[PDB]
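> missing the sequence, but the structure's below:
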């Protein structure tokens, strides 16, 4: 019942309208007129105090009133006639309220359409209801418009705020008119509406709130530009998805479909207008600027109109207007960007190639580039302005699937390279734009393919090869966009794009090679789609990468960065008796070709000009320098040679060492970091096939790096100062080097069955040389790189260095298991040095290292009972004892070897010598050292230390003081190098000329007075200290001497002369002193405890004398000579025989050698003087008579100085023997070939310059091939030359090994040797194995007790010494002195003697020998030679004088000579004149007086020598003349010496009063008065 039921529903609606409160906004959620709360925030706490619950309640009240008004839409359209005045009041209320809330009016308008969709009325009924509603709305709108027009006409124009006060009702009416779709559709209302809009919208573009309308949007397409601006302003305020889907249905989707129909191609069935298409696309873009991807897929993609926006655009691609086409392309790019899925699947019916073909076929494509070239149509891409085709291609490639990218790319070629852009109808700017678009598309595709991780052998390589073939055909197009001259107007920066494309292609090829190598190594499946001519691919790029090309810096850097990728690629070694698979062989061939191409590229890079190469080498990225290091360490021989040549060119050097040093001094931190990274990468090679032969290049590179960084003089670490980052880099380098050494040893441990004897020797010996260098120069480099001051911090730095070495200590110990003798010695020396220093470094060895040491060196009982090294080690018992001493368990050493000897560290004595200033002025040292008793043996072997060590310090200070004042040298000047402090010492290195080296006599172990003052000889205020010499090599041609100078802290460290030079002069030599000190410190374990270090001297024992006459008969001995020997000869220990020198001590020594042979037949003949050694050698070797009657002799070797010696014994020097044997056992063509190759290369360089500008393809190819071949040949030749230069070390090592072997083999044939204490001071004896149980010491009275112990180092058991208490502080009195004074009974001093005149020997016996030395037998008859046969020329003529200038004395000597030549006439005194004086000035005056008064020819007639240096030497006419008293030792004991040395003529000269200091002179005068023992007076009258 429409009437009745509608009236009931209208009664309900009238209750809901009037009965419900109308004061509140009925159609809006507003509480009142001033209620402007955030009604849009019902979920949030509304500003009206309505929280989420209460704001949702306000929204629900609004929605419930809206549902009431929805059911009451029928009430509003009921009509008054049906409902009387009810619908009239409803219309009045609608006019009052619906025209009051703008949002309510918009909602009602939008819901009327929803209500119409929900209206169940017939089409006529629905039309009638809509017509009635529209009639009411139009009546209201017309009344409002009339009121507004009247107000505008009367009151004139008013601003929006003013117009609000004028008629807010008119403002609301206009707002409704802004959404009055039917009124707008009414043609009659168009005039008044247009007039009102022009009167209103002309002022400003109204920024109304609450949604938007499409009327102004259509006016944007229409002529109305004011409403166009209004629409633009309204639409430009929304963000993505800012519009509700309800609004989308209300005004967006419906109007969008309406516009699509207005442009529906199927409905149009023809081409559309250009302006229409442009406006439609522009509106779509403006709307979609605030769209959402969710609104795209779920609403836009779901907007199902014919056709859908995707298919609609697929059809509308036929829009053939130029600017419209550009806008359409931009809109398509934007749409693809919004959702790639939408573009791809919404157009899934269209293949991408079909879409590309449709797009590229644009009619306006040609002209568009002309405008695109202009700035306005220059598409703002990134920071530049390129064609919009680039944006379209980038969007397409970005949104396309990876598998779908390939074929489209080929089609993109048709668009850009093959068909469309390749057409000749393109203008210059047009062709440039097309080429730029194609290049951009190719670059985008390459970049997308780059980010891939893994794939099988698909068609990506095929696409790369197609690009390479195109850009090879487009070598012109592509490679000359790359080679385009910049600055062109048509240029669009395509040069950079082409360069980046080349770089990306190289990187992709490298990644493909890496993937293929990994798959081949892993035997994983791989397809067989395409094969890449990587050699040819790079060759195509090589033509553009040719030298001298513009912009080559970026291309070269890119090529190097790309080649850095193959840094881990390793050539797959084919198996034995197996053919590599087709894939494997293809991979090998491709790798070889790629390596050759990379080498050619590196050669061309080095071919860049020195300025160009230098500028390029300063890359801020530094990755090129990392690739340079990789090439320097590349395992391919050709790659190695190319990298060496490139590095030499870059650093501008001649040899690899110089280039390394220059690089270290230049870019130490970056080069070090890159080298560490490269070493880490290369070392990561799998241990199954890690570098076996290739590690040799790695080892050589590491050795070069060490010799560059930590060299003595040119060492960058030594010369320069480290930085914190540099410190970290150096630590990383040391750790990497030690880890590499460890890996090399461990790999050798496994490949001992795979290491060839020569190759194993080379590798192991190089490892051992690196270890020697480290434990010696990286000890120095460690001091240079100490963490901080203090033993703790420096030892911490050293322990950090040793940590990789401590881990490698297990490998080092395992290496001791080897068998090569030279390797054995090297391993033993490395173990001793490095390990003992590490133990001294206080850092305990690893528990694994200690266990391995125990299980391979410690004496444990084997299963068979062998108490030896638990793992076999053939090292000698001495070497094994040393290895045990490394652990430092002397108890274990005794219990293992001794059942219960080497050189000790000289650093103690060296530091003592260096700190103890010889120039100081302390007679008593600050320690207050003094002599004392020895008891013939200090009461402990350790008491020797505990007491004689202070005595040793006293003796060392005395020796230093004594040598201090004996310079007698020529001062010299030296240039210093650096002042680096290590262990309170420093290094002084200089390349002194060979003349300077010969003059100064500089050699290792010498002490030199390093000074800066002029004449510090008398100038204590000058700078002067002492310095020791370490080692003197030859740098190139001068002598590079590095002296281990003392850096105690004198006032010359601040005068640290990098090159400022000083005045360095040699002082003395401490080699013999060093040997003496080492022997004194070391002999505390000698078997002479009971003889030298427990309580007493050696014991004596008597025997029978039956064979004394037998010895006399067999060896010209005597019972008196035997009686003392009766105590010494049979007994053992250390025995001495006392007696005057005239008792035949030399003849008795020869007889003693004969008697020792009678008792024996290595006999060590220790002597204190070299001349006496030569005399003994003559007497013993020259006269050989064993107990057989023949010349049977023990092989005699004189291990003594032969330079200052007669040449007669020079045949037994054993050093001339060594040199002769080596000589008997014992490139230029390479240098000539290198010169010829360098000349040919220089000549080709002129041809290179000629053909470089030829620009002919065949000529360019031939010239490039010739240049590359020349570069390869030059690299090979230079590598061969450098290898020949390096071979000097190997040749020297082999020669040294052969020399040591020859020396050992020759010493093996030796049976007896004669030498001195310093003779054993040569370190070679330690490496020599000799046996000695008997020793013969000559002239014990002429040696220091300290050196006396050295002769016992050979473990002798029987020893015989020759020393008389006569003929001689007290710090070096004697060892036999203790034996005699302390135990006179235990001594055997002969009383009876021979070979002297009783008259002559009476004075020596009585005054000096205490009458014990019984004179000779019948020297008037036994020695009845002229001496006794000439009565007047008596052998003992007793005369005396009665100032040492003293024309009396000197002229008396002259007169004695004139009587020997005039009174007597035929006396020759060739070494027979006993002219001995106690003063050197007197000796010189005597020589001058002879040469003047007696004639210069008489200077050789008489021997003029000092008594002290006349030992052994014999003279017949002993005309002695003492000078004066020195003090009972050089005066009275020298007098006893003279009474023993001088034998025949008592022609004394002196004065009794002046010689009263010597009571022996008074005794001689008294005996002259008694038995004519002298005769005073003036003999000048007697000679007349």
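Arrived safely. Residues are numbered from 1 along each chain as shown.
> residue contacts, the residue nearest the centre of the chain?
Against the mean C-alpha coordinate of the chain, by Cα atoms, centre = their mean, the closest residue is residue 733 at 3.7 Å. Contacts for residue 733 were tallied using Cβ atoms under 8 Å, 6 or more residues apart in numbering; they are 672, 675, 676, 705, 709. The way it works is simple: take the backbone N, C-alpha and C, and place the C-beta from them, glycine included.
> among those residues, which two are most distant?
Largest separation among these by Cβ to Cβ: 676 and 709, giving 12.2 Å.
> what about residue 830, neighbour count?
21 (other Cβ atoms under 10 Å).
> which strands and helices sit next to the one helix or strand it maps to?
Residue 830 is part of helix 821-830, with elements assigned from DSSP states H and E. Other helices and strands packing on helix 821-830, by 3 or more Cβ pairs under 8 Å, 6 or more residues apart in numbering; DSSP states H and E, are helix 757-773, helix 791-815, helix 877-887.
> rerun at 7 Å
Judged by 3 or more Cβ pairs under 7 Å, 6 or more residues apart in numbering; DSSP states H and E, helix 821-830 is in contact with helix 757-773.
> Now the helix it packs on: buried residues?
Of the residues in helix 757-773, those with enough neighbours to count as buried (16 or more other Cβ atoms under 10 Å) are 760-771, 773.
> what's the angle between that helix and helix 791-815?
For the pair helix 757-773 and helix 791-815, the angle between their directions (axes from the mean of the first three to the mean of the last three Cα atoms, to 10 degrees) equals 170 degrees.
> angle of helix 757-773 against helix 821-830?
With the same axes, to 10 degrees as the criterion, the two stretches helix 757-773 and helix 821-830 enclose an angle of 20 degrees.
> Need the residues that contact helix 757-773.
Defining contact as Cβ atoms under 7 Å, 6 or more residues apart in numbering, one finds that helix 757-773 is touched by 696, 699, 702-703, 706, 741, 744-745, 748, 755, 820, 823, 826-827, 830, 834, 1293.
> Narrow the residues you listed to those in helices?
Counting by DSSP state H, the part of those found in helices is 696, 699, 702-703, 706, 741, 744-745, 748, 823, 826-827, 830, 1293.
> Just the buried ones from those residues?
Neighbour counting with 16+ other Cβ under 10 Å marks 696, 699, 702-703, 706, 741, 744-745, 748, 823, 826-827, 830 as buried within the ones in helices among the contacts of helix 757-773.
> could those be laid out in CSV, adding distance to residue 1528?
As requested, these are exported to CSV (distance: Cβ to Cβ, whole Å):
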residue, distance to residue 1528
696, 73
699, 69
702, 68
703, 65
706, 63
741, 66
744, 70
745, 68
748, 71
823, 62
826, 58
827, 59
830, 57
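> of all those residues, which two lie farthest apart?
The largest separation in those, counting by Cβ to Cβ, is between 706 and 823 at 21.1 Å.
> What values do phi and psi take at residue 1303?
Backbone geometry at residue 1303, expressed as degrees, to the nearest 10, gives phi -60, psi -40.
> count of residues packed around the closest residue to it other than its chain neighbours?
Taking Cβ to Cβ, 6 or more residues apart in numbering, and ignoring the residues beside it in sequence, residue 1303 has residue 1218 as its nearest neighbour in space, at 5.6 Å. Taking other Cβ under 10 Å as the neighbour definition, residue 1218 ends up with a count of 15.
> host element of residue 1218?
Using DSSP H and E, residue 1218 falls within helix 1215-1225.
> contact partners of stretch 239-247?
With Cβ under 7 Å, 6+ apart as the test, stretch 239-247 has contacts from 211, 252, 290, 291, 292, 294, 295, 299.
> Residue 106 is in contact with the first one, correct?
Yes - here residue 211 lies in contact with residue 106, judged by Cβ atoms under 7 Å, at a distance of 6.0 Å.
> Return the residues in contact with the residue nearest to residue 564 when sequence neighbours are not counted.
The spatially closest residue to residue 564, leaving aside those adjacent along the chain, is residue 627, at 4.3 Å (Cβ to Cβ, 6+ apart). By Cβ under 7 Å, 6+ apart, the residues touching residue 627 are 560, 561, 563, 564.
> Quick check: the two most widely separated of those?
Using Cβ to Cβ, the contacts of residue 627 reach their maximum pairwise distance at 561 and 563, which is 7.4 Å.
> Distance of the residue nearest to residue 858 when sequence neighbours are not counted relative to residue 854?
Nearest residue to residue 858 in three dimensions, chain neighbours excluded: residue 870, at 6.4 Å (Cβ to Cβ, 6+ apart). The gap separating residue 870 from residue 854 is 7 Å, by Cβ to Cβ, to the nearest Å.
> number of nearby residues for residue 26?
Residue 26: 23 neighbours (other Cβ under 10 Å).
> right, and the secondary structure at it would be what?
With DSSP: H, G, I helix; E, B strand; the rest coil as the basis, the three-state label of residue 26 is coil.
> how's the protein carved up into domains?
Per automatic domain parsing, the structural domains of the chain span 907-1078, 1097-1214+1310-1389, 1227-1283, 1437-1583.
> quick one: which helix or strand includes the nearest residue to residue 603 once chain neighbours are set aside?
Here the nearest residue to residue 603 in space, its sequence neighbours aside, is residue 1271; by Cβ to Cβ, 6+ apart that works out to 4.0 Å. Element membership of residue 1271 [criterion: DSSP H and E] is helix 1257-1308.
> If you count contacts, what does that helix end up packed against?
Contacts defined by 3+ Cβ pairs under 7 Å, 6+ apart place helix 1257-1308 against helix 582-606, helix 637-651, helix 1215-1225, helix 1228-1252.
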